[PDB]
Every structure is written in structure tokens, then in C-alpha cells.
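Participant: Experimental structure and its sequence below.
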Amino acid sequence: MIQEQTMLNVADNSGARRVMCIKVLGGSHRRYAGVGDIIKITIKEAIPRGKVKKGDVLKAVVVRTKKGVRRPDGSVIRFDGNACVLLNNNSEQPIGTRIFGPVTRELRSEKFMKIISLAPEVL
Amino acid sequence: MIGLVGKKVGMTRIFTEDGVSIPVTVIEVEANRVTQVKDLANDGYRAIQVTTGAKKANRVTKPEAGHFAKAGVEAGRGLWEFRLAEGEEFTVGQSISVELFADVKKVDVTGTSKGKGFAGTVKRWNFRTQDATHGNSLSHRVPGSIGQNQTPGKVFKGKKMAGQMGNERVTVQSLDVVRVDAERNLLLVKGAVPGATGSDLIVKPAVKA
Amino acid sequence: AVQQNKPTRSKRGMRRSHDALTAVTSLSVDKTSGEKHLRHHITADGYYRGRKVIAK
Amino acid sequence: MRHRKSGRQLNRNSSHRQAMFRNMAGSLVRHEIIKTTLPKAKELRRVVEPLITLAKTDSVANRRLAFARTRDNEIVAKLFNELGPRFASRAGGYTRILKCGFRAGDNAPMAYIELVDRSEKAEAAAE
Amino acid sequence: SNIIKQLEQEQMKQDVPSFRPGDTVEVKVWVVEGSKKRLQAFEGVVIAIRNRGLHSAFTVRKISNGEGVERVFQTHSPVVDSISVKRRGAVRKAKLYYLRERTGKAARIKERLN
RNA sequence: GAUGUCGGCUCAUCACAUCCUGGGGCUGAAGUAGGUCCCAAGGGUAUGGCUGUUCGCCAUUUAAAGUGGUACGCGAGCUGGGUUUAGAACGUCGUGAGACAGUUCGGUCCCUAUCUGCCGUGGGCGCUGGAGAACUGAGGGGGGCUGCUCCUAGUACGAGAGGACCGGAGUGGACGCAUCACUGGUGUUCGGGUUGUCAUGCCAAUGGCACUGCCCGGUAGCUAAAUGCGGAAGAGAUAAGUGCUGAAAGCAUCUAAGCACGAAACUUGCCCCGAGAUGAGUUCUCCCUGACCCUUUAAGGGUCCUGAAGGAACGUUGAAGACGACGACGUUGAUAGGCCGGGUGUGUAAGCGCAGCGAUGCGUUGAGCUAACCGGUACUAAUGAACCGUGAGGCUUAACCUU
RNA sequence: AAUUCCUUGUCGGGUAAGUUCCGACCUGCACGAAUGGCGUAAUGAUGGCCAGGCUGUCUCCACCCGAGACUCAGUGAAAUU
RNA sequence: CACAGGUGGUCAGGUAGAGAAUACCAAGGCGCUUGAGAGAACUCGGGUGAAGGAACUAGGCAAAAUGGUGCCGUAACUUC
RNA sequence: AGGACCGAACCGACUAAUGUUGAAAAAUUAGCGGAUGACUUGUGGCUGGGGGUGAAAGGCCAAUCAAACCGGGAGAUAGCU
RNA sequence: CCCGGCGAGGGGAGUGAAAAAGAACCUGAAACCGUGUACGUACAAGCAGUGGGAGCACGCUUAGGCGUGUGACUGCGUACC
């Protein structure tokens, strides 16, 4: 993410364990992310019997940071860890369907409303 | 019309009716007493001379004092003068304050001595902190090299490296005023603006088109 | 890193034109003190603007 | 960097800075008068005046609090008996800088430091 | 005696609660998305001092989830819909910093009287 | 008398034969996309791995993955893995000592800058009477990159699928700039906790010390991981080229004469440094009208009286900054400290009462204590002078005063 | 291979990797049975490889504190020439 | 050299701790002589660090991190 | 009991950070190792330069080592700068 | 006889032919750092020298481009072994 190599958490109902940043998207001539950034992930780990398996090269976007995500009111949303939601790289959007923890409301679109099942926050 | 000398005094994250809050610097705009004014027989260009803000006139010199005496007297800290930008003033005072940035919502701002001392290395120049482990010794922050060989025969002009730096300017240019707010005489400019906190500045409006 | 030839005495004197040693650049005549008045500073008997304020 | 902030950072780390100021303020309340270098007399002034403000009344509870603030039997003894009533009526300005001259042997500007209202002197030359 | 820094209090939106550490709150807010009529709430503990200026905020920890989350709500913008202060527990500190990236404890831990 | 090497990194820079957008010709190019192709140095021009390796192999970025140079750039830069690697051993060879443009393992890498450059900054003197003040531009760089999609636009063209540029719009990335409210960091001039021992005769409490003992909060500043933001309408000189009108060559033909048009580059505009620019500067404002003695006299030398406007030391000190210069400014004062209201911190002051075996809680007490900030408050220290500047300051043409 | 001209060997495996590491293969440089070989517990400040604590080495660097530099005072060298 | 270097014998006080680790400390020794100011680059020492966790480098690289005491619980291999 | 151990004191110095015109002719701090032994080490003793001495690097012999230093040969020779 | 510690160092007064013989004393260079005067340096720059030389002090300018010392400025120009 902010550094090359760097393992961070799966944030889908597709995968398990950890996955590894190879590059950032949404620009070049950098080797660091910001906040509300677009990642390039390779899967390091995850179960082969789920939709996510070792060494699929995919696109992904940030859903948590332990630095925390912000833009409109500048007021952060911080979490227990750095985490990133996988895209399909061919059809995009969240490849998984639930998770128990929430999304950042400061960087908020279709890609964060398709990845949870809490009724009192927008679906 | 003119460059209006404010003070850096306050900075605020302000709310808007978009759902966004905008980080800002808040500048006290004062009233304007115009002074002697130079016409276009004088130095060749039509400009307006202004005193915005003042001091206790215990330190004043008579040669500045005659300017204020023949026009609106205000026992000024100094003289600032301006080539036109939107227009001009009444030649003794037009009591201008927040009004100046209501016909333009864009500022250019003038280059001021930036109040960061040296700033310089690792702050506006392309140096880093170089490796410190694997027996790297006496070389931790200095570039190590800057030129090449007898080929150029010397150091290039495009390369630059200085232990220290004196008064340095360069503006942000062309940046939007977010608001001006009447009855408190407040000029809100977005985020960055040349100067430390508690600095003076000159604020000119738009010069570019 | 070193030299190439022995310096001339013109060299030494010009280099010092703006790097030699400086002091308190005189003091004023007195009015009120037991000593002679240090310019715009209090004396050791204290009387500058009034009384023995300094005693050390 | 040092910008839009005032006062003097001295040439001591913190444990050293405390231990010299603990000596100095005990000399300062006891003699009413001290001489030291001008950057150092200004920090000496700003340290001793908040202690005097807590100490301006003769009241027992502010004498117990003042012994909680500094474990010194000499500071808490001069105040609340001789010096209490001396500073009782003021609401700031419990000390003064007198710009004594330059120090001896060097061209470092010096001050004599002196409480706003005095009850004691020592007045041999600075050594 | 307060003539400037006064002008900020003249600008501030009237919505701000007066505060001491360890309130419970429910912060009523928007899903934001620019500006949107879909609302939602968050309740838990305020982990930090709200006094900041024209830019006061509620530093909630929602303490409900299984990893937790900290959310910061801007008091002076229309994102914050209404704010009720509820009862003050005990903290015996001002800011409970160990919760900014970890889940934990309530607005009350013991008692915080004289 | 040798300049100290590879690979990688620091740090770059210059030649354009341009990686790319941009203007333009052709196509065996239908339109579109390409190939072809001139013009053009301005700007942007990515990163991990295994190995001591360049190259290798592999994954990825961006619209994009360039050309060429630098004592095989740069060791009076970095490492020091490797090298004949000096030890050793492997692989090899000799009787051996000992050897390798074969190999592998850790292992020193020096120098305060004389002259020379690069960036920043000051002192001395002339700015023509002085002094202070505003100020113009001879001259030189920075931004100059570049995606996305809506409309433009299903239209020219085609057999059908299909099918463009600019312009208008919001918006991302780098590069450059400034900033500290927001969000993180720190905050040795601030509060509180806490392990241990030593102390205040003792208790309760508190403080010295162990890296500020350790720990967490923290005003104000600064700061990038956060913030705001340039990338410009217009002006001219063009390139290649599209031309007109038209010759060499009765015509034909950007071109040869002539004249319309013709790009981020170029001279600029926008920004920023700039009068020593002897091409010595313009323009505003202010102020000095006493005297005698002597010599080289557009003039200087001495002396009485006498030095204005202003300056400088000096003083506290800065939001200006290595030092200066620059600046606030000295009782006319918010310069710096206290102190108080506040933008604004912390966590419940020592003692005493009460419940309890007590730690501790609870009532006393939403307590007590507090730094830089913003505004106040003179509460506290910046005396009064002397001093550097003098009594109206060139020749000569043009303008004006008789002139 | 502490060895391999070619070769980053051929092939499986971990992986963004994969010269090294683990497993197998041999088109085997010049490996090869006292220059000794296979195999092994424990040990070396020993060599390589792997994943996790943790960490400013770095990504990308900020701020605080002190001693030189720099400030004020004192004394006052040198590589060289 | 007032120099941080090296050097054997005898004697053996406290608290907390596994101990001659280690904080402070009794008796005792003793301030290793620039100083003071500022808070530019930078050089060394010391404090602190978001998100990551070596990704920097031939190489994890000191400092940071690990440590102690009661009790549960404990692998391949083995010369048991 | 033990050329045993985790680990001091006591002694060293594989590696890191520094020093590298140093405080010190490799010491400091820190990872690190021996300590009932082939240790650590005082006192006293003993070998002299192509000669000693080496759990072996031609290592070490006055913080030194393919050969110390000094008096004679000696104005070695220098084909060379 | 003067300054100062009780010091370091010198002067003046007086001695002698001589103290420009003052105790390290013989007369006395050059390197070596500073003073004093003359003249030169604020539009300017390369082996630092020569060629031409404003000027200024001094020389009845020898009145005759000049003499002594210096030198704005500038032609031209690469140390010695």
C-alpha cells in the first residue's frame, strides 16, 4: 500500500488469511498510497476452495486503514487493521457479499454498499 | 483594485451546504486610507498608493508623514502602491475592506518572506535522508556528489545545494477565495497562503485572465 | 582538502576585513550613577532612572 | 523550528534544567536578589511567578499545596509569614528584570533579578 | 478581553453540546455521499475532548462490532442531523487513546466524583 | 608523479536523432485504428524479487515504457559482496614453495576546500544637495506533462459490423509551490499517572534520581503520511505545411517576388529574482538661507557659533532569519514575563470529614494547577544625553526664471 | 556443489518473485571412495534459506533535547607548501 | 599527559531481584577543567514516532524489540 | 567427577553503531563468547634474526615483522632515476 | 621615579666613549608580524612582467614628450630547473 511488499487483510466473503500489494493503481511514478486510494493486489494466501486463490492478480480498493480514511469533512474513520476489498478485474465491484465490520463513510459509493449486510446503514 | 494588507491571525475548517468542510486561513482585512497617489506622468503607469494598518507613530519619519498629511492621514506603518487589478479608489480614502473580493472570487497573492527560516533541504529541494546502516558513515544526508567530470569541467547551474537560505518567496498563484463574511470583516482564503502564523501579508486579487 | 602554494599577506588581511573582532562599541557620558553610565543600561550602584535598585 | 512561540530553551537537558532551577529559586526567594545571564533570568522569572501566585495568601491549604509543588522547606518558610503579605495584593507581576550590563570575561548581556517587593538584600559583587 | 478569537464564536453553528469526558451520546448523521436524505446513527463512547473551535467533533468508538470502529463526526456541518449528550460515566482520564485503533470499554469504568 | 573499480544506491545533468501530446504531408489509408512521416527540447519520463551479475527469468504500473553521453558519469560520494580476492577451501594444476580476465565466505576504504565553480547572504562606496519613502524593467529561470468519460458526433465514409478531431464539462496521477485549520507525528518552558530507592525527625502526602527513569494526555509552533494549488485567456516571430495570386518553364506548381493562415516550443503574457543596468535610474515627500582666516581653487584646508530632515550605537526582542540584512519597538509602549477573558489543556489539588479490617471510593471540590496563542491589562524593565549627518550643494547644451 | 565452459542448468514446488532454498533429473566441466565418501545427536560470535514478534534501515520523513558547526568569549594547530 | 586504555593480592554494608545482572544507596570516593547562547546545514550522542514490517543493502542493521518469578503445557530427531 | 551448560564478576573481541588530521597507534557502547579449565593470571625463570618461538597465518619476536637493531667490511653496487 | 600581585614587561632619571654596549649585552642580514608616511585601489578581472601612461608629492618640469617614487587605465604577452 504505503510500502511495496506489504501484506494486508482480505475484506470479502470470497477469501481467507492475507494478500499482498504488488503496485498502486490510479497513477504511476509513485511507490506509496494515500487515503481513499486504488490498489493492485496479488493474492499471497487464501483457501483454494473459495473464489479467491493463490496468485490470482486482481484489482482492489481500500475499505479500512489503521491510519484511517478521509476526504469530505476531513474527519477520519479508523479501524483495527489495514484492509482492502477485491474487485473482479473484468466486471469489478465487490467479489464477496458479507462482512461483520463496517465501511468508511468518508469514501463511499457502490463498492462499499455491496460488501455488507447491515440494514441501518445504506444498502 | 489594490493589494490589501491583512494579518495572519486565525485558521479554520469551515462548513458548507455540500456535505464538505473546507480547511481555510482567516485574514483580518482592515479599512483603507489612500495616500498621495502617483498619476501616469509619475514613473509612467497609473497606480494607487494605500495605507492599510498602522503603528503608534513614535518611530515615524517626516518624509513618509507628508504623504499621509496631504491625503487621508492615518500615521501609517508604511506605503504600498498598486497597478490596477479590477479598478482604482477615491484619491484620499474609499474605506475598502471585505468588498474588494466580491467582483472576483480569485486571488493571486504577492511573494512574501515565508517565515520558515531555511526550509530548504528536505522541505522544498529534492534531497533525502540517505542510508545510515550497513557501515554508511560520514555520509547520511549530504548528496555525496552534485557534478560529473572534466567533460562539463565544473558544477552545473541547474544543480543547486545550500547549507542555509535567506528570504525566499514564490506564491501558490490563482487560488480561490471560498468566502468573504461581512460584519466581522473576515477574509477566508482556502488552505495554503505565504507566511507563518502572526505574519503580515499583502493580498492582491486576480491579475491573470 | 589541502593547498597548492603558500599564501600571500594580502590574502590574510582581506579575509579579515569582515571577520575580525568586535566589542561593546563605546558607552555614553553619565548623569545619575556612581560609575560612568553604560549606554541605555543600569549601573552596579543602581541609579539610572532612580534609587539603588541594583546593590550587587 | 522555533516560530510563533516565545521564551528561551537554555543549554540543559530536562533533569539538569530542573536541578539548577531548584537551586536557583531557593536562592532567589531567600535573598530577594540574584544575578544571572539575560536568557536565563527570563526563564527564572517565568518559573518563579506561578509559584508566588499559589503562595500569595497566608492560608494553610495553599502552604500545604505549595510543599506538594516543590519539596523545599526554605521556599515555603519565607513565604506565608514574611513574604505572603508582601505579594498578597497583586494579581501578577511578582518579579522584575533589571538589565545590569554585560557579564564579565565575555560579551553575553546579563540581568540582576529582583522580586517586585523586597524584604532582604545580599549585595557584594557577582562571583 | 476577547475581541478576536471572539469572531469564531460568532461563526460557530449553535448545535454544539457543552462537554466533559466520558459521555455516551448518539450521533445522528447522513451517509454523506455529497449530500443525501438517507440517514444512520452511531452510539458508544466519545473517546476524546470535543473542544477544537469552528470544527468541534465527536470522536466516537462504536464498541459494538467484533473488530470495532472509531468514527469522527463534524458538529458544524449539516452531516450531523441532531446530537443528544446523555449521562457522563467515569474515565478517570480525558482521552482513552488505546481505543483509536482497538475495541474496548464503555463510557463508564468506575466512578469519577470528588 | 596513475583521477579509486564492478553491480546497486545517492546525486544528477547535458546532445535531440522526441517515449508521448501538439501543428502538418503520404498511404498498396474507404471511415475508424495503424503503418508512413516532417516540425519541435518545453514538461512529465514508475517498482519488488532471487544473484556479489549488467544481462536473466517473472509480476506489475502508466496513455507511455525513449534515443545518446558523462576518467566503463560521480569513491577530495556511498557500500566493500566480489575481484589474482592476498587467509582458507572448492574446482584446477605442480615435487613443492605457489598460481587463476575460474569460484565461493566474512573483512579497513582516508583528507577541516588554497585557487576554480554551484546556491544564499552581508559589509564599503557612487545613485550628483541631503534624507526617508514609493517604484519601472535592460536581463534570467519556474508552471509548460498527461489519462478518463458526457456532450461534441452515428456525421463524412461503408458492403455490413462499425465510424474522428477540436471545443464545452466535471475529475484523477505526476512535477512545482505554499500551508498547518483538518488528519497523523512531535511538543525536555503544561497536567496527571506509575515501577524502585533515597529524603523531608515520624504519618499522610510530596520531590531528587534511574536516557525527559518510564507512561499517557497537551497549548502554540513546525511537519507530510495531511492540506490547499499552478499547468493561463491573449500578443507576436514562426516551423513543417495548407494556401492565394504567380514566375523561373506563355501553363503548371506553400514560393521564386508578393500577401491571408500555420504548435505545448520560441519572444512573452502569469509567477518569481532584478538599477553597479556607470545605459549610474525615474517619481513622491521632507529639510538645512550664521561668520572669518588661507591655497591647488566647477575645489579643498583650519576655526568660532553650529549640524535640520535623518541616521547609527544602544534596549527588550521577533510571527524575519547561520550571521546579518529584514522586523516589532523603548512608558507615545501589548516588545517579553506575570495575570485575566477566550479560541483552548488536564482529570479530580495538600489537608479535613464519612463508610470500611484497608487500599480506596464518596462529601468538602466539575476541584486544584497551566507554556509559547488571540484580545486585554503597564502589574514589571527598556533614564536623560552625547555622537555620524551642517548653515541652500558642478561644468555645458535643450526647457523655464529678464535669462 | 564453497566445484558446472554453456546455464539466470532440465523439471516439480513455495511465489508478483525464485540465480539461492526444498524435492527430483542428468545433455555429468575437471565430483567420486583417506586431497576420503555416505549418515547422525550435540556444538560454532560459522555459511545459506524460510515464516512470524518487533523495530526510522527504508517506503517518505517530522518534531524535541544536548555537544561541536553556527552565536558570544578564550587559546589556536594541520594534510599541504 | 589531568588518558575513556591496561594490571594481580586482601577485605566484604542496604532495599527490591534468580545472582558479584540490575535502579537507587550506607561509609567512602568523586565532578575525567572550555564555558555560556542559539536551535541554519550537517556531524555524533539521547528521546519519540502514523500506516507497513526490512519491502534499504552483498547482508535485519547495533540502539528499538527479547529478558524475570510461580504455575499449566510442551514437537520432529537422538549418541535417549 | 566433568577440556559440560544459561551466565556474570574477572578476561577476550566474531559482528553492529561511532571513531576513521581519534580520548585511545581498535578503544568506546551494544549484539557476543570462556569462567572449576587446553581457563583466567600475578610472581619468578628461560630461547636472539634466515635465529628463535608458533593448538600453523611465514603467524610473532619492545601496542611492529618472509627476518629487529647497532658497530666494522662500506664511499657494497646502481647497468638507473 | 611611573603602571602591576606579591607578577610579566617596558619607559623615564642617572652612569659610560658607546646602552642604535643594558646584562641572552660583540657589528648585523633574510624569513618572520605590525606600525608610520608617500602615492594607488568603488565599473572591473589571467605567471603579475614589459611597452605607452593620466595623475600626485617632490625636482628653478632641463621651459624642451623630462627626473625620482608610485600608478588609474590600457597595447602585448603562457614560471624556472
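Facilitator: Cool, the structure landed. Residues are numbered from 1 along each chain as shown, chains lettered A, B, ... in the order given.

Participant: Is there a neighbour count for residue A:12? I'd like the number.
Facilitator: 23 (other CB atoms under 10 Å in any protein chain shown). Placement of C-beta: from N, CA and C, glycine included.

Participant: what about the strands in chain A?
Facilitator: A:7-10, A:18-25, A:38-42, A:57-64, A:77-78, A:83-86 (DSSP state E).

Participant: For chain A, tell me whether stretch B:173-185 is touching it.
Facilitator: No: with CB under 8 Å from any CB of the partner chain as the criterion, chain A is not reached by stretch B:173-185; the gap is at least 14.4 Å.

Participant: Burial-wise, tell me which of the strands of chain A comes out on top.
Facilitator: strand A:83-86 (a mean of 24; mean count of other CB atoms under 10 Å in any protein chain shown).

Participant: Each with direction, which strands does that one pair with?
Facilitator: According to DSSP bridges, strand A:83-86 has the following sheet partners: strand A:7-10 (parallel), strand A:57-64 (antiparallel).

Participant: Turn these into TSV, columns for distance to residue A:90.
Facilitator: As requested, the strands paired with strand A:83-86 are arranged in TSV below (distance: least, CB to CB, whole Å):
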stretch	distance to residue A:90
strand A:7-10	19
strand A:57-64	9
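
Participant: For the residue in chain C positioned nearest to chain D, what are phi and psi?
Facilitator: Proximity of chain C to chain D (CB to the nearest CB) peaks at residue C:55, 3.7 Å away. Reported as degrees, to the nearest 10, the phi and psi values for residue C:55 are phi -130, psi -30.

Participant: So which residues of chain C form helices?
Facilitator: Along chain C, counting by DSSP state H, helices occupy C:9-14.

Participant: ditto for chain B
Facilitator: With helices called from DSSP H, chain B shows them at B:62-70.

Participant: Go through the strands of chain A and name the closest to residue B:195.
Facilitator: Among those, strand A:77-78 comes nearest to residue B:195, with 32.6 Å by CB to CB.

Participant: which ones are touching the most centrally placed residue in chain E?
Facilitator: Nearest residue to the geometric centre of chain E (CA atoms, centre = their mean): residue E:58, 1.9 Å. With contact set as CB atoms under 8 Å, 6 or more residues apart in numbering or on different chains, residue E:58 has these partners: E:25, E:27, E:46, E:50, E:72, E:73, E:75, E:80, E:83.

Participant: ok, the residues you listed vs chain C, which is closest?
Facilitator: Nearest to chain C, judged by CB to the nearest CB, of these is residue E:50 at 49.8 Å.

Participant: Quick one: residues contacting residue A:56.
Facilitator: Residues near residue A:56 by CB under 8 Å, 6+ apart: A:42, A:43.

Participant: And it, how close does it get to RNA strand F?
Facilitator: Counting by CB to the nearest atom of the strand, to the nearest Å, the gap from residue A:56 to RNA strand F is 9 Å.

Participant: Let me know how buried the residue of chain E found nearest chain A is, in neighbour terms.
Facilitator: Per CB to the nearest CB, residue E:72 is where chain E lies closest to chain A, at 3.6 Å. Using other CB under 10 Å, residue E:72 is surrounded by 20 other residues.

Participant: One more: residue D:22?
Facilitator: Residues lying near residue D:22 (other CB under 10 Å) number 14.

Participant: Surely it is in a helix?
Facilitator: Yes: the assignment for residue D:22, made by DSSP: H, G, I helix; E, B strand; the rest coil, places it in a helix.

Participant: Spell out which residues of chain B are next to chain D.
Facilitator: Within chain B, the positions lying close to chain D (CB under 8 Å from any CB) are B:115, B:116, B:117, B:196, B:197, B:198.

Participant: Can you tell me how far residue A:58 is from residue A:87?
Facilitator: Distance, residue A:58 to residue A:87, using CB to CB, to the nearest Å: 6 Å.

Participant: should've said residue E:34
Facilitator: Per CB to CB, residue E:34 is found 23 Å from residue A:87.

Participant: before we move on, what about residue E:68?
Facilitator: For residue E:68 relative to residue A:87 (CB to CB), the value is 26 Å.

Participant: Next, name the residue at the spatial heart of the chain.
Facilitator: All of this is about chain A. Residue closest to the average C-alpha location in chain A (CA atoms, centre = their mean): residue A:84, at 1.7 Å.

Participant: wrong one, chain D
Facilitator: Centre-most residue of chain D, counting by CA atoms, centre = their mean: residue D:48, 4.0 Å.

Participant: re the thing from before, need the contact list for the nearest residue to the residue nearest to the centre of chain A once chain neighbours are set aside.
Facilitator: Nearest non-adjacent residue to residue A:84, counting by CB to CB, 6 or more residues apart in numbering or on different chains: residue A:60, 4.7 Å away. By CB under 8 Å, 6+ apart, residue A:60 lies in contact with A:39, A:40, A:41, A:84, A:85, A:86, A:87.

Participant: Just give the closest residue to the first one, not the sequence neighbours.
Facilitator: Yep, that's residue A:39 we're talking about. Nearest residue to residue A:39 in three dimensions, chain neighbours excluded: residue A:60, at 4.6 Å (CB to CB, 6+ apart).

Participant: Settle it for me: which of residue E:34 and residue A:87 has more neighbours?
Facilitator: Neighbour count, other CB under 10 Å: between residue E:34 and residue A:87, residue A:87 has more, with 20 against 10.

Participant: what's the spacing between that one and RNA strand G?
Facilitator: When residue A:87 is compared with RNA strand G (using CB to the nearest atom of the strand), they lie 16 Å apart.

Participant: so what's that residue up against?
Facilitator: Counting by CB under 8 Å, 6+ apart, residue A:87 makes contact with A:58, A:59, A:60, A:61, A:93, A:94, A:95, A:111.

Participant: Same check on residue A:117?
Facilitator: Counting by CB under 8 Å, 6+ apart, residue A:117 touches A:97, A:98, A:123.

Participant: Same check on residue B:50?
Facilitator: By CB under 8 Å, 6+ apart, the contact set of residue B:50 is B:2-5, B:32-35, B:79-82, B:89.

Participant: Go through those residues and name the one nearest RNA strand I.
Facilitator: Among these, residue B:5 lies closest to RNA strand I (CB to the nearest atom of the strand), at 49.0 Å.

Participant: Quick one: name the residues of chain E near RNA strand F.
Facilitator: E:1-6, E:8-9, E:20-21, E:48-49, E:51-53, E:55-57, E:72, E:88, E:90-95, E:97, E:100, E:110-114 (CB under 7 Å from any atom of the strand).

Participant: Restrict those to those that also contact chain C, please.
Facilitator: Residues of those in contact with chain C (CB under 8 Å from any CB): none.

Participant: Do the helix or strand harbouring residue D:49 and chain C come into contact?
Facilitator: Assessed by DSSP states H and E, residue D:49 sits inside helix D:38-54. No: using CB under 8 Å from any CB, helix D:38-54 never reaches chain C; the gap is at least 10.8 Å.

Participant: Where does chain C get nearest to chain B, residue-wise?
Facilitator: Nearest residue of chain C to chain B, counting by CB to the nearest CB: residue C:1, 14.1 Å away.

Participant: Check the gap between that residue and RNA strand I for me.
Facilitator: From residue C:1 to RNA strand I the distance is 8 Å (CB to the nearest atom of the strand).

Participant: Could you do residue B:38 as well?
Facilitator: Per CB to the nearest atom of the strand, residue B:38 is found 58 Å from RNA strand I.

Participant: Beta-bridge partners for the spatially closest residue to that residue that is not a sequence neighbour, please?
Facilitator: Excluding the flanking residues, the one nearest residue B:38 by CB to CB, 6+ apart is residue B:47, at 5.5 Å. With DSSP bridges as the criterion, residue B:47 is bridged to residue B:83.
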